[PDB]
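Below: the structure, in structure tokens.
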Amino acid sequence: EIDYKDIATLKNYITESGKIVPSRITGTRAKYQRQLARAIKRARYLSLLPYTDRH
Amino acid sequence: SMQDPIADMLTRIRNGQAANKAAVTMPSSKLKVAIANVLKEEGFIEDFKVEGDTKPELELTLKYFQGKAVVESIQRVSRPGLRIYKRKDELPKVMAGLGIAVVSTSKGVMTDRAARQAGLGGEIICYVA
Amino acid sequence: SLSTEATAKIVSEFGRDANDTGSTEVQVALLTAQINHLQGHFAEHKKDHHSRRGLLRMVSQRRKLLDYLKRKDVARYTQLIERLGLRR
Amino acid sequence: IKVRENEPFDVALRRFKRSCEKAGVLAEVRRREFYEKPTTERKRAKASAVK
Amino acid sequence: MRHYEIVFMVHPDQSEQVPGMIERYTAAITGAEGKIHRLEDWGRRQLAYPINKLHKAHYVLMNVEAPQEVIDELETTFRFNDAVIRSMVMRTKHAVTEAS
Amino acid sequence: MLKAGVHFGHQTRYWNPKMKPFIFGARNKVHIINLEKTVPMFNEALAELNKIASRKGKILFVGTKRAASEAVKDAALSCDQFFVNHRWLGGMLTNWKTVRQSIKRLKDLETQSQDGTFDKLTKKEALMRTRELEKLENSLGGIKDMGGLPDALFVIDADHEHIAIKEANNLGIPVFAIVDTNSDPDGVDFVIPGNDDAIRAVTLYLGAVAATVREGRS
RNA sequence: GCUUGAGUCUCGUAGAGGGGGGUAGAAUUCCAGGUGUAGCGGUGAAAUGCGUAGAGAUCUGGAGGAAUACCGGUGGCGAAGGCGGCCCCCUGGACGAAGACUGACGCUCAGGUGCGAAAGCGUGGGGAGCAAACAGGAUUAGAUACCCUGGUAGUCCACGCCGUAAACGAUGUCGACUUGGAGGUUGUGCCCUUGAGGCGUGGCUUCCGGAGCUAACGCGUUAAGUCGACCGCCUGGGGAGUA
Ligand SMILES: [Mg+2]
Ligand SMILES: [Mg+2]
Ligand SMILES: [Mg+2]
Ligand SMILES: [Mg+2]
Ligand SMILES: [Mg+2]
Ligand SMILES: [Mg+2]
Ligand SMILES: [Mg+2]
Ligand SMILES: [Mg+2]
Ligand SMILES: [Mg+2]
Ligand SMILES: [Mg+2]
Ligand SMILES: [Mg+2]
Ligand SMILES: [Mg+2]
């Protein structure tokens with residue numbers, strides 16, 4: 001959210017597989033859901049978070 | 001665009017009226033006034049009011065007689081796109097005579113009954129009935 | 001789209017004073033500024049079609065403003081285009 | 001995806017797969033490209049999902 | 001002058017060229033009259049998925065204020081240097097300290 | 001001035017723009033009507049109401065809803081007054097001439113309840129004919145005899161009684177009615193603001209109307 | 001002259017707005033190798049095709065192109081076309097809050113100029129998947145098709161052409177005016193921030209609906225209502241958007 005480094009706060013917006021959880025489920029707001037996903041995509045790149053559960 | 005205020009007046013009226021709106025306001029001007037005058041003096045509005053100084057504000061009080069509005073129809077006639085001018089003998093009469101036509105003459109904005117009696121003619125600003 | 005420092009500099013080089021911000025001459029000059037700046041952005045790239053639209057908008061804006069001044073104070077007009085360096 | 005089911009039981013217990021993959025993004029990607037037509041699809045997925 | 005996050009990660013077998021690197025990149029930014037608002041030698045960390053073969057790799061965080069120029073040549077030096085298995089210079093909007 | 005203890009206003013959004021002039025509401029997601037503008041509508045209300053009730057009052061306390069039907073078959077029913085407290089059989093005014101015999105069947109049947117044939121035919125026919133009569137009774141009670149043609153009309157819930165009011169408007173029948181905030185006025189000549197489906201504003205004004213027909217000229 | 005029309009200035013906000021460069025994982029195809037062995041593939045059913053030179057299946061390493069799952073949403077941006085991984089650099093527009101500056105500098109616009117999906121053309125690249133043409137296999141009375149096995153241009157990049165689409169809201173642009181209701185999105189002011197909020201106040205957006213309008217269907221403060229300014233265009237079908 002505020003940050004991609006927040007893997008702790010972040011890891012509760014994704015499933016087992018690692019899939020981003022839709023706003024509809026988490027009930028988040030709009031503006032932030034984006035901030036969220038961005039911060040997630042960031043973390044995935046920096047190997048701080050699995051794109052996949054294929055490991 | 002602003003381009004034709006006088007229609008905007010005629011209209012802000014026409015509309016508010018149809019919206020059984022008590023009053024109605026708008027940017028003022030020498031001209032708006034002279035017509036608001038004839039409009040009151042001929043008893044199509046209660047009374048006007050210009051409340052400002054640097055940015056004047058015409059305000060008209062509307063009327064309603066039965067349930068209806070008093071102004072049953074108000075149209076432009078001359079306009080920037082197409083000016084109308086009539087000579088005295090060629091002045092128009094609304095609803096056969098009932099209701100009136102605002103005409104501006106070399107002796108000021110007056111009705112058709114008026115300008116006719118004054119023996120002259122000018123630009124026929126609008127019709128009202 | 002141009003700096004605060006830069007834009008300031010020119011208000012302060014064209015108007016009565018910083019604050020006389022909307023002075024004809026000033027607008028023109030801080031337009032003229034951005035247009036020229038830009039010439040190099042579009043030098044490279046060139047296919048930045050969208051941004052190009054904004055630039056023309058700058059030119060035609062400036063064009064209308066220049067037209068205004070000239071009608072108003074011709075004296076001020078001429079000084080301008082000299083000092084700004086255009087209207088070959 | 002994964003079930004590391006433990007001790008006492010023999011049943012599959014993988015109702016997991018009806019929560020994401022399989023016919024999900026699979027019946028999806030299987031065939032006609034789509035392109036601008038999903039738009040027409042999903043434009044009914046809201047007209048519906050209004051009520 | 002702008003800021004950026006910046007967070008290069010380094011191959012284990014080049015682990016202790018990390019002190020030299022940080023030294024260097026900071027010497028580089030300071031040199032150009034730029035500050036440095038945070039620094040964090042996260043050391044050997046485990047990877048969310050194996051990248052480049054090999055798991056676990058050495059992370060380093062930074063947070064700089066520097067001109068688009070040194071930040072340019074950083075990103076390159078990061079390519080030149082095939083010891084840094086990833087990198088990513090990021091947003092900005094005003095300095096930052098502590099987090100993590 | 002006020003008399004309506006707790007009928008204040010009622011009805012949340014669902015408000016009808018044309019009902020603004022009688023609203024001063026705004027309490028927690030719901031309009032209170034303009035209490036101090038309802039009562040000047042008992043003036044005029046029970047006035048031309050009575051002013052005719054002494055010229056001879058024929059009324060029609062029309063008001064329905066399994067939640068105030070009985071509370072209308074009351075002193076509302078009793079006096080110089082007729083009523084309807086069930087589904088407003090549409091066209092019952094505008095088609096009175098057809099319906100006039102839906103009456104004949106009501107009487108020519110109950111007039112024959114403890115009379116005529118009755119305990120005879122079959123004990124099938126029995127309550128299988130009092131169902132004919134039961135049905136008729138409600139929605140066609142108050143009508144029974146209409147001696148003096150429906151002359152004014154007093155309705156509880158303006159719009160809920162679309163049809164009733166409409167017919168009146170069509171046949172030139174005064175229509176006195178109370179209109180919640182949500183309902184559409186102008187169908188009603190003599191309009192009465194305030195709540196229209198709560199056990200009070202009913203009874204109150206309802207009962208209070210019974211009190212002005214039931215006495216005008218001794 | 002005037003300041004409200006229109007600009008300029010200040011700090012911010014959101015954004016698949018544009019251009020350039022860098023980069024990531026998932027899959028497909030291919031190449032190499034382990035294990036493994038007679039089928040795989042495909043259809044309505046088949047066959048063509050692929051496999052004993054070991055296929056398909058599985059595992060590992062590698063090459064390459066193309067597009068970016070999830071987020072994702074009657075969500076967002078752009079004049080329209082249209083724009084979705086992530087990062088930097090360059091850059092256009094929009095909106096909001098304060099006041100400060102200009103002082104009618106405006107609107108529209110035949111001609112003109114620019115932009116403009118896909119296909120298509122020109123030189124060079126590039127080529128995994130897809131696929132006009134073409135080949136094979138089926139279906140069928142026929143089958144120049146729909147289905148199958150293949151597969152060339154093309155689809156990708158640079159440079160330059162073409163200038164068209166149901167390029168559509170089939171609704172020209174600007175302005176003013178006229179009851180409402182429930183959302184979405186995005187600024188901003190105030191309130192023991194003491195609630196994940198409470199009350200306002202802009203920009204944009206969806207649904208519904210009033211007057212009114214309409215041949216009707218429908219539209220309805222984002223008008224197809226009420227008015228004005230300018231432009232475009234229509235005048236029976238076919239012939240013909242042809243000569
Ligand atoms: Mg691969
Ligand atoms: Mg492989
Ligand atoms: Mg910008
Ligand atoms: Mg072009
Ligand atoms: Mg193309
Ligand atoms: Mg080509
Ligand atoms: Mg084929
Ligand atoms: Mg065409
Ligand atoms: Mg509608
Ligand atoms: Mg609305
Ligand atoms: Mg219009
Ligand atoms: Mg031709």
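Ordering of the structure tokens sets the chain letters (A, B, ...); residue numbers start at 1 within each chain; ligands are numbered from 1 in the order shown.
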
inquiry  = Could you list, as a PyMOL selection string, all residues that come within 10 Å of ligand 2? Count only C-alpha atoms (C1' of nucleotides) and all ligand atoms.
reply    = chain G and resi 59-62

At most 12 Å from ligand 5 (only C-alpha atoms (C1' of nucleotides) and all ligand atoms): residue list as a PyMOL selection string = chain G and resi 117-121+154-156+161-162

May I have the selected residues written with N, CA and C atoms (P, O5', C5', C4', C3', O3' and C1' of nucleotides), as a PDB file, in the first residue's frame?
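Once written, selection22.pdb looks like this:
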```
ATOM      1  P     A G 117      -4.280   5.468 -37.286  1.00  0.00           P
ATOM      2  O5'   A G 117      -5.060   4.117 -37.022  1.00  0.00           O
ATOM      3  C5'   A G 117      -5.084   3.578 -35.724  1.00  0.00           C
ATOM      4  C4'   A G 117      -6.154   2.543 -35.593  1.00  0.00           C
ATOM      5  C3'   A G 117      -5.924   1.228 -36.296  1.00  0.00           C
ATOM      6  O3'   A G 117      -4.971   0.431 -35.630  1.00  0.00           O
ATOM      7  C1'   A G 117      -8.184   1.885 -36.489  1.00  0.00           C
ATOM      8  P     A G 118      -3.827  -0.304 -36.467  1.00  0.00           P
ATOM      9  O5'   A G 118      -4.644  -1.259 -37.439  1.00  0.00           O
ATOM     10  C5'   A G 118      -5.327  -2.364 -36.878  1.00  0.00           C
ATOM     11  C4'   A G 118      -6.167  -3.074 -37.897  1.00  0.00           C
ATOM     12  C3'   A G 118      -5.459  -3.474 -39.174  1.00  0.00           C
ATOM     13  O3'   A G 118      -4.694  -4.646 -39.024  1.00  0.00           O
ATOM     14  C1'   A G 118      -7.513  -2.457 -39.709  1.00  0.00           C
ATOM     15  P     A G 119      -3.394  -4.846 -39.932  1.00  0.00           P
ATOM     16  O5'   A G 119      -3.984  -5.061 -41.393  1.00  0.00           O
ATOM     17  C5'   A G 119      -4.823  -6.161 -41.694  1.00  0.00           C
ATOM     18  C4'   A G 119      -5.585  -5.891 -42.960  1.00  0.00           C
ATOM     19  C3'   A G 119      -4.734  -5.684 -44.199  1.00  0.00           C
ATOM     20  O3'   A G 119      -4.305  -6.901 -44.772  1.00  0.00           O
ATOM     21  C1'   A G 119      -6.297  -3.946 -44.050  1.00  0.00           C
ATOM     22  P     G G 120      -2.752  -7.086 -45.101  1.00  0.00           P
ATOM     23  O5'   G G 120      -2.544  -6.102 -46.332  1.00  0.00           O
ATOM     24  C5'   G G 120      -3.442  -6.147 -47.424  1.00  0.00           C
ATOM     25  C4'   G G 120      -3.288  -4.951 -48.325  1.00  0.00           C
ATOM     26  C3'   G G 120      -1.872  -4.551 -48.721  1.00  0.00           C
ATOM     27  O3'   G G 120      -1.290  -5.392 -49.710  1.00  0.00           O
ATOM     28  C1'   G G 120      -3.094  -2.629 -48.138  1.00  0.00           C
ATOM     29  P     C G 121       0.297  -5.699 -49.717  1.00  0.00           P
ATOM     30  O5'   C G 121       0.931  -4.340 -50.249  1.00  0.00           O
ATOM     31  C5'   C G 121       0.406  -3.719 -51.409  1.00  0.00           C
ATOM     32  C4'   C G 121       1.240  -2.548 -51.830  1.00  0.00           C
ATOM     33  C3'   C G 121       2.727  -2.640 -51.534  1.00  0.00           C
ATOM     34  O3'   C G 121       3.413  -3.429 -52.489  1.00  0.00           O
ATOM     35  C1'   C G 121       1.920  -0.527 -50.865  1.00  0.00           C
ATOM     36  P     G G 154       4.929  -9.406 -45.544  1.00  0.00           P
ATOM     37  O5'   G G 154       3.660  -9.052 -44.663  1.00  0.00           O
ATOM     38  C5'   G G 154       2.513  -8.474 -45.266  1.00  0.00           C
ATOM     39  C4'   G G 154       1.278  -8.724 -44.438  1.00  0.00           C
ATOM     40  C3'   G G 154       1.390  -8.354 -42.965  1.00  0.00           C
ATOM     41  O3'   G G 154       1.150  -6.980 -42.731  1.00  0.00           O
ATOM     42  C1'   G G 154       0.492 -10.514 -43.155  1.00  0.00           C
ATOM     43  P     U G 155       1.948  -6.193 -41.589  1.00  0.00           P
ATOM     44  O5'   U G 155       1.457  -6.866 -40.236  1.00  0.00           O
ATOM     45  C5'   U G 155       0.156  -6.624 -39.716  1.00  0.00           C
ATOM     46  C4'   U G 155      -0.183  -7.602 -38.617  1.00  0.00           C
ATOM     47  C3'   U G 155       0.730  -7.602 -37.397  1.00  0.00           C
ATOM     48  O3'   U G 155       0.485  -6.532 -36.505  1.00  0.00           O
ATOM     49  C1'   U G 155       0.301  -9.827 -38.071  1.00  0.00           C
ATOM     50  P     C G 156       1.529  -5.314 -36.442  1.00  0.00           P
ATOM     51  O5'   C G 156       2.843  -5.983 -35.857  1.00  0.00           O
ATOM     52  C5'   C G 156       2.936  -6.280 -34.478  1.00  0.00           C
ATOM     53  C4'   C G 156       4.366  -6.446 -34.063  1.00  0.00           C
ATOM     54  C3'   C G 156       5.272  -5.293 -34.429  1.00  0.00           C
ATOM     55  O3'   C G 156       5.145  -4.202 -33.548  1.00  0.00           O
ATOM     56  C1'   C G 156       6.301  -7.289 -35.083  1.00  0.00           C
ATOM     57  P     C G 161       5.285  10.302 -45.959  1.00  0.00           P
ATOM     58  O5'   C G 161       4.816   9.168 -46.959  1.00  0.00           O
ATOM     59  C5'   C G 161       3.591   9.289 -47.634  1.00  0.00           C
ATOM     60  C4'   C G 161       3.351   8.107 -48.516  1.00  0.00           C
ATOM     61  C3'   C G 161       1.891   7.800 -48.771  1.00  0.00           C
ATOM     62  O3'   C G 161       1.370   8.629 -49.793  1.00  0.00           O
ATOM     63  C1'   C G 161       3.084   5.798 -48.275  1.00  0.00           C
ATOM     64  P     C G 162       0.211   9.689 -49.479  1.00  0.00           P
ATOM     65  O5'   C G 162      -1.058   8.735 -49.361  1.00  0.00           O
ATOM     66  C5'   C G 162      -1.348   7.850 -50.430  1.00  0.00           C
ATOM     67  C4'   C G 162      -2.120   6.645 -49.979  1.00  0.00           C
ATOM     68  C3'   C G 162      -3.455   6.931 -49.340  1.00  0.00           C
ATOM     69  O3'   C G 162      -4.435   7.095 -50.336  1.00  0.00           O
ATOM     70  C1'   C G 162      -2.271   5.210 -48.158  1.00  0.00           C
TER      71        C G 162
END
```

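Neighbours of ligand 12 at a cut-off of 12 Å, computed so that only C-alpha atoms (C1' of nucleotides) and all ligand atoms are counted, are the residues residues 240, 241, 242 and 243 of chain G.
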
inquiry  = For region 15-29 of chain E, find every residue with an atom within 8 Å (counting only C-alpha atoms (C1' of nucleotides)), except residues of its own chain fewer than 6 positions away, and show them as number ranges by chain.
reply    = E: 35-36, 58, 66, 70, 74

ask   = Which residues of chain G are close to chain F, meaning at most 8 Å apart when you count only C-alpha atoms (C1' of nucleotides), and how do they look as number ranges by chain?
value = G: 179-181

query = If you count only C-alpha atoms (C1' of nucleotides), which residues fall within 6 Å of region 52-60 of chain B, apart from same-chain ones fewer than 6 positions away, as number ranges by chain?
reply = B: 23-28

Write the residues of the preceding selection, restricted to N, CA and C atoms, as a short mmCIF file (atom, residue, chain, number, x, y, z; two decimals), in the first residue's frame.
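Output below, filename part.cif:
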```cif
data_model
loop_
_atom_site.label_atom_id
_atom_site.label_comp_id
_atom_site.auth_asym_id
_atom_site.auth_seq_id
_atom_site.Cartn_x
_atom_site.Cartn_y
_atom_site.Cartn_z
N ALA B 23 -39.01 34.44 -8.37
CA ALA B 23 -38.23 35.53 -8.95
C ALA B 23 -37.25 35.03 -10.01
N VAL B 24 -36.41 35.93 -10.52
CA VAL B 24 -35.36 35.55 -11.45
C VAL B 24 -34.41 36.71 -11.71
N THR B 25 -33.12 36.40 -11.73
CA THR B 25 -32.07 37.41 -11.82
C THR B 25 -31.09 37.10 -12.95
N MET B 26 -30.15 38.02 -13.18
CA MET B 26 -29.24 37.96 -14.31
C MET B 26 -28.43 39.24 -14.35
N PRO B 27 -27.28 39.20 -15.04
CA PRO B 27 -26.50 40.42 -15.33
C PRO B 27 -27.38 41.50 -15.96
N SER B 28 -27.22 42.74 -15.50
CA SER B 28 -28.07 43.83 -15.97
C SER B 28 -27.39 44.68 -17.04
#
```

message = Neighbours of ligand 3 at 9 Å or closer, counting only C-alpha atoms (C1' of nucleotides) and all ligand atoms: which residues, as a ChimeraX atom specification?
response = /C:1 /G:91-94

For the residues in the current selection, export N, CA and C atoms (P, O5', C5', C4', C3', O3' and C1' of nucleotides) as a PDB file, in the first residue's frame.
```pdb
ATOM      1  N   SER C   1       6.402  22.064 -17.119  1.00  0.00           N
ATOM      2  CA  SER C   1       6.288  22.740 -18.413  1.00  0.00           C
ATOM      3  C   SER C   1       6.964  24.113 -18.340  1.00  0.00           C
TER       4      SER C   1
ATOM      5  P     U G  91      10.710  18.211 -20.604  1.00  0.00           P
ATOM      6  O5'   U G  91       9.290  18.005 -21.275  1.00  0.00           O
ATOM      7  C5'   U G  91       9.109  18.261 -22.657  1.00  0.00           C
ATOM      8  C4'   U G  91       7.825  17.666 -23.153  1.00  0.00           C
ATOM      9  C3'   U G  91       6.570  18.113 -22.438  1.00  0.00           C
ATOM     10  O3'   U G  91       6.170  19.406 -22.855  1.00  0.00           O
ATOM     11  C1'   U G  91       6.500  15.775 -22.880  1.00  0.00           C
ATOM     12  P     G G  92       5.084  20.263 -22.037  1.00  0.00           P
ATOM     13  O5'   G G  92       3.681  19.726 -22.580  1.00  0.00           O
ATOM     14  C5'   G G  92       3.359  19.823 -23.960  1.00  0.00           C
ATOM     15  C4'   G G  92       2.004  19.247 -24.284  1.00  0.00           C
ATOM     16  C3'   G G  92       0.861  19.650 -23.381  1.00  0.00           C
ATOM     17  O3'   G G  92       0.412  20.970 -23.594  1.00  0.00           O
ATOM     18  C1'   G G  92       0.713  17.351 -23.831  1.00  0.00           C
ATOM     19  P     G G  93      -0.205  21.772 -22.354  1.00  0.00           P
ATOM     20  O5'   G G  93      -1.593  21.041 -22.123  1.00  0.00           O
ATOM     21  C5'   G G  93      -2.615  21.154 -23.086  1.00  0.00           C
ATOM     22  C4'   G G  93      -3.677  20.142 -22.812  1.00  0.00           C
ATOM     23  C3'   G G  93      -4.506  20.381 -21.570  1.00  0.00           C
ATOM     24  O3'   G G  93      -5.529  21.334 -21.764  1.00  0.00           O
ATOM     25  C1'   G G  93      -3.810  18.132 -21.637  1.00  0.00           C
ATOM     26  P     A G  94      -6.007  22.228 -20.524  1.00  0.00           P
ATOM     27  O5'   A G  94      -6.761  21.182 -19.596  1.00  0.00           O
ATOM     28  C5'   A G  94      -7.924  20.520 -20.067  1.00  0.00           C
ATOM     29  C4'   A G  94      -8.412  19.504 -19.070  1.00  0.00           C
ATOM     30  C3'   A G  94      -8.771  20.039 -17.691  1.00  0.00           C
ATOM     31  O3'   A G  94     -10.056  20.636 -17.625  1.00  0.00           O
ATOM     32  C1'   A G  94      -7.400  18.143 -17.455  1.00  0.00           C
TER      33        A G  94
END
```

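Near residue 30 (chain C), within 7 Å and counting only C-alpha atoms (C1' of nucleotides), sit residues 7, 10, 26 and 34 of chain C, not including residues fewer than 4 positions from it in the same chain.
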
inquiry  = For residue 132 (chain F), find every residue with an atom within 12 Å (counting only C-alpha atoms (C1' of nucleotides)), except residues of its own chain fewer than 2 positions away, and show them as a list in words.
reply    = residues 102, 105, 106, 107, 108, 109, 110, 113, 125, 126, 127, 128, 129, 130, 134, 135, 136, 137 and 138 of chain F

inquiry  = Within 12 Å of ligand 10 (counting only C-alpha atoms (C1' of nucleotides) and all ligand atoms), which residues show up? I'd like them as a PyMOL selection string.
reply    = chain G and resi 179-183+205-209+220-222

Output of the above residues as a PDB file, in the first residue's frame, restricted to N, CA, C and O atoms (P, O5', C5', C4', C3', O3' and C1' of nucleotides):
```
ATOM      1  P     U G 179     -35.706  24.484 -11.603  1.00  0.00           P
ATOM      2  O5'   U G 179     -35.264  22.952 -11.560  1.00  0.00           O
ATOM      3  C5'   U G 179     -36.157  21.926 -11.958  1.00  0.00           C
ATOM      4  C4'   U G 179     -36.923  21.342 -10.799  1.00  0.00           C
ATOM      5  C3'   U G 179     -36.165  20.445  -9.837  1.00  0.00           C
ATOM      6  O3'   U G 179     -35.379  21.153  -8.898  1.00  0.00           O
ATOM      7  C1'   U G 179     -38.192  19.412 -10.411  1.00  0.00           C
ATOM      8  P     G G 180     -34.466  20.359  -7.830  1.00  0.00           P
ATOM      9  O5'   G G 180     -35.202  18.969  -7.629  1.00  0.00           O
ATOM     10  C5'   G G 180     -34.509  17.893  -7.033  1.00  0.00           C
ATOM     11  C4'   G G 180     -35.332  16.639  -7.037  1.00  0.00           C
ATOM     12  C3'   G G 180     -34.561  15.380  -6.694  1.00  0.00           C
ATOM     13  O3'   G G 180     -34.370  15.225  -5.305  1.00  0.00           O
ATOM     14  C1'   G G 180     -35.839  14.989  -8.636  1.00  0.00           C
ATOM     15  P     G G 181     -32.933  14.805  -4.728  1.00  0.00           P
ATOM     16  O5'   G G 181     -32.946  13.223  -4.810  1.00  0.00           O
ATOM     17  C5'   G G 181     -34.092  12.511  -4.393  1.00  0.00           C
ATOM     18  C4'   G G 181     -34.051  11.108  -4.905  1.00  0.00           C
ATOM     19  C3'   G G 181     -32.699  10.438  -4.807  1.00  0.00           C
ATOM     20  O3'   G G 181     -32.410   9.987  -3.497  1.00  0.00           O
ATOM     21  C1'   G G 181     -33.620  10.042  -6.941  1.00  0.00           C
ATOM     22  P     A G 182     -30.906  10.055  -2.936  1.00  0.00           P
ATOM     23  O5'   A G 182     -30.278   8.694  -3.471  1.00  0.00           O
ATOM     24  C5'   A G 182     -30.898   7.465  -3.138  1.00  0.00           C
ATOM     25  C4'   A G 182     -30.348   6.310  -3.933  1.00  0.00           C
ATOM     26  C3'   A G 182     -28.836   6.158  -3.940  1.00  0.00           C
ATOM     27  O3'   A G 182     -28.342   5.515  -2.782  1.00  0.00           O
ATOM     28  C1'   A G 182     -29.646   5.972  -6.143  1.00  0.00           C
ATOM     29  P     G G 183     -26.779   5.594  -2.442  1.00  0.00           P
ATOM     30  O5'   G G 183     -26.113   6.013  -3.823  1.00  0.00           O
ATOM     31  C5'   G G 183     -24.729   5.799  -4.051  1.00  0.00           C
ATOM     32  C4'   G G 183     -24.502   4.778  -5.139  1.00  0.00           C
ATOM     33  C3'   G G 183     -23.079   4.692  -5.677  1.00  0.00           C
ATOM     34  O3'   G G 183     -22.242   3.852  -4.901  1.00  0.00           O
ATOM     35  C1'   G G 183     -24.570   4.946  -7.479  1.00  0.00           C
ATOM     36  P     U G 205     -18.838  13.269 -18.457  1.00  0.00           P
ATOM     37  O5'   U G 205     -18.924  11.921 -17.609  1.00  0.00           O
ATOM     38  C5'   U G 205     -18.115  10.804 -17.952  1.00  0.00           C
ATOM     39  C4'   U G 205     -18.391   9.606 -17.076  1.00  0.00           C
ATOM     40  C3'   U G 205     -19.812   9.057 -17.121  1.00  0.00           C
ATOM     41  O3'   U G 205     -20.000   8.134 -18.178  1.00  0.00           O
ATOM     42  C1'   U G 205     -19.116   9.316 -14.863  1.00  0.00           C
ATOM     43  P     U G 206     -21.416   8.040 -18.931  1.00  0.00           P
ATOM     44  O5'   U G 206     -22.282   7.085 -17.999  1.00  0.00           O
ATOM     45  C5'   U G 206     -22.028   5.695 -18.060  1.00  0.00           C
ATOM     46  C4'   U G 206     -22.710   4.902 -16.977  1.00  0.00           C
ATOM     47  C3'   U G 206     -24.224   4.928 -16.946  1.00  0.00           C
ATOM     48  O3'   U G 206     -24.807   4.111 -17.939  1.00  0.00           O
ATOM     49  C1'   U G 206     -23.398   5.166 -14.759  1.00  0.00           C
ATOM     50  P     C G 207     -26.157   4.591 -18.655  1.00  0.00           P
ATOM     51  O5'   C G 207     -27.293   4.137 -17.635  1.00  0.00           O
ATOM     52  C5'   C G 207     -27.392   2.778 -17.226  1.00  0.00           C
ATOM     53  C4'   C G 207     -28.141   2.639 -15.928  1.00  0.00           C
ATOM     54  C3'   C G 207     -29.535   3.236 -15.914  1.00  0.00           C
ATOM     55  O3'   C G 207     -30.488   2.382 -16.528  1.00  0.00           O
ATOM     56  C1'   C G 207     -28.378   3.893 -13.957  1.00  0.00           C
ATOM     57  P     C G 208     -31.614   2.978 -17.508  1.00  0.00           P
ATOM     58  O5'   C G 208     -32.723   3.586 -16.539  1.00  0.00           O
ATOM     59  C5'   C G 208     -33.298   2.811 -15.504  1.00  0.00           C
ATOM     60  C4'   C G 208     -33.865   3.671 -14.402  1.00  0.00           C
ATOM     61  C3'   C G 208     -34.859   4.736 -14.815  1.00  0.00           C
ATOM     62  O3'   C G 208     -36.129   4.197 -15.109  1.00  0.00           O
ATOM     63  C1'   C G 208     -33.399   5.585 -13.147  1.00  0.00           C
ATOM     64  P     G G 209     -36.983   4.803 -16.318  1.00  0.00           P
ATOM     65  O5'   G G 209     -37.546   6.174 -15.735  1.00  0.00           O
ATOM     66  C5'   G G 209     -38.508   6.177 -14.693  1.00  0.00           C
ATOM     67  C4'   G G 209     -38.504   7.481 -13.944  1.00  0.00           C
ATOM     68  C3'   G G 209     -39.005   8.685 -14.729  1.00  0.00           C
ATOM     69  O3'   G G 209     -40.417   8.789 -14.673  1.00  0.00           O
ATOM     70  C1'   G G 209     -36.955   9.218 -13.651  1.00  0.00           C
ATOM     71  P     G G 220     -30.591  11.027 -21.757  1.00  0.00           P
ATOM     72  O5'   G G 220     -31.563  12.083 -21.073  1.00  0.00           O
ATOM     73  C5'   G G 220     -31.324  13.476 -21.220  1.00  0.00           C
ATOM     74  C4'   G G 220     -32.440  14.322 -20.646  1.00  0.00           C
ATOM     75  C3'   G G 220     -32.566  14.349 -19.131  1.00  0.00           C
ATOM     76  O3'   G G 220     -31.657  15.231 -18.515  1.00  0.00           O
ATOM     77  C1'   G G 220     -34.684  13.984 -20.054  1.00  0.00           C
ATOM     78  P     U G 221     -30.921  14.786 -17.167  1.00  0.00           P
ATOM     79  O5'   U G 221     -29.918  15.991 -16.877  1.00  0.00           O
ATOM     80  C5'   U G 221     -29.463  16.806 -17.949  1.00  0.00           C
ATOM     81  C4'   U G 221     -28.672  17.981 -17.452  1.00  0.00           C
ATOM     82  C3'   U G 221     -28.008  17.768 -16.101  1.00  0.00           C
ATOM     83  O3'   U G 221     -26.802  18.531 -16.032  1.00  0.00           O
ATOM     84  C1'   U G 221     -29.603  19.509 -15.930  1.00  0.00           C
ATOM     85  P     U G 222     -25.358  17.825 -16.186  1.00  0.00           P
ATOM     86  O5'   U G 222     -25.364  17.227 -17.659  1.00  0.00           O
ATOM     87  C5'   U G 222     -24.704  17.919 -18.723  1.00  0.00           C
ATOM     88  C4'   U G 222     -24.454  17.025 -19.911  1.00  0.00           C
ATOM     89  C3'   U G 222     -25.672  16.256 -20.406  1.00  0.00           C
ATOM     90  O3'   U G 222     -25.659  16.209 -21.820  1.00  0.00           O
ATOM     91  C1'   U G 222     -23.964  14.736 -19.833  1.00  0.00           C
TER      92        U G 222
END
```
